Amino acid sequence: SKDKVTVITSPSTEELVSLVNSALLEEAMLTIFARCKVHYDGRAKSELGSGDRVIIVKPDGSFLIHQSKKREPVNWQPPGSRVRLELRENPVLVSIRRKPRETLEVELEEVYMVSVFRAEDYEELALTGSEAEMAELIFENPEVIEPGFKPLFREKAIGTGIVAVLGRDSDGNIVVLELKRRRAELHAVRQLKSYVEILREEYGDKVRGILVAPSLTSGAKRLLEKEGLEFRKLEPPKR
């Protein structure tokens, strides 16, 4: 079928081969319901025993294997990986990524369903409420930080690390912002501390770090105060 969808339940091997072939050839979406084994070797090494999973191969090369639980595929393979279907005692999907070299091997013990989905999507996701949006707010409304704040750079490389927003205040200090779109953790305060220390090595003792977020974890608040750093409450804007 050259309808959007082809489905075959309990395929024969040649049926199985046929659909996998066409999926790849047509830049379609291959979906398989099968009982399988999965072997991964790559950055790490992985084994998964016999069980039912859903398998998806995207035309861009992405490979997903999902069990009945979580949000995360049990094994996978990133965009740009090449897949082929080898016939050994059972059919085996083999997907290889290079740089770094990673091979994914799915032995298909029984294929309950194979399907080809020739999917048209021209639309891109529009997302609001991000950190960049916070940045834009600050550049178009600096008073949202403090009065007379003068934002200068965004995503600026200082020597070691990249600062979210860099600027000055009314009294002439350098001011660093670390923004976070959620509750700020130790991770963030360490970013901020790191930057501020580097800027001090040049502009000496007049520099302020300011952590801009909707809130802080206990430890963030703790460490923040300890190192004499500041916090301003800010929500990411939605539009």
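In this text, the rigid core denotes the largest set of C-alpha atoms whose superposition between the two forms falls within 1.5 Å. Note that residue numbering begins at 1 and tracks the sequence as displayed.
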Original post:
Taking C-alpha RMS after core alignment, which stretch differs more from the shown form in 4 other deposited structures of this protein: 59-67, or 200-208?
Top reply: 200-208
Original post:
Is the larger C-alpha RMS shift in 4 other deposited structures of this protein, relative to this form with the rigid core superposed, found in 2-10 or in 229-237?
Top reply: 2-10
Original post:
Comparing 156-164 with 111-119, which stretch shows the greater average C-alpha B-factor in the deposited entry?
Top reply: 156-164
Original post:
Once you work out the mean C-alpha B-factor for both 170-178 and 187-195 from the entry, which is higher?
Top reply: 170-178
Original post:
If you compare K70, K206, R53, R43, which has the highest Cα B-factor in the entry?
Top reply: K206
Original post:
Considering only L211, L30, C36, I65, which residue's Cα atom bears the greatest B-factor as recorded?
Top reply: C36
Subject >> Cα B factor band for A126 (lowest, middle or highest third within the chain) >> reply: middle
Original post:
By the record's CA B-factor, is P100 among the lowest, middle or highest third of residues in the chain?
Top reply: lowest
**OP:** Select lowest, middle or highest to describe the third in which the CA B-factor of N141 falls within its chain in this entry.
**Re:** highest
Subject >> CA B-factor ranking of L216, expressed as a third of its chain >> reply: highest
**OP:** Could you say whether, by C-alpha temperature factor, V106 belongs to the lowest, middle or highest third of its chain?
**Re:** middle
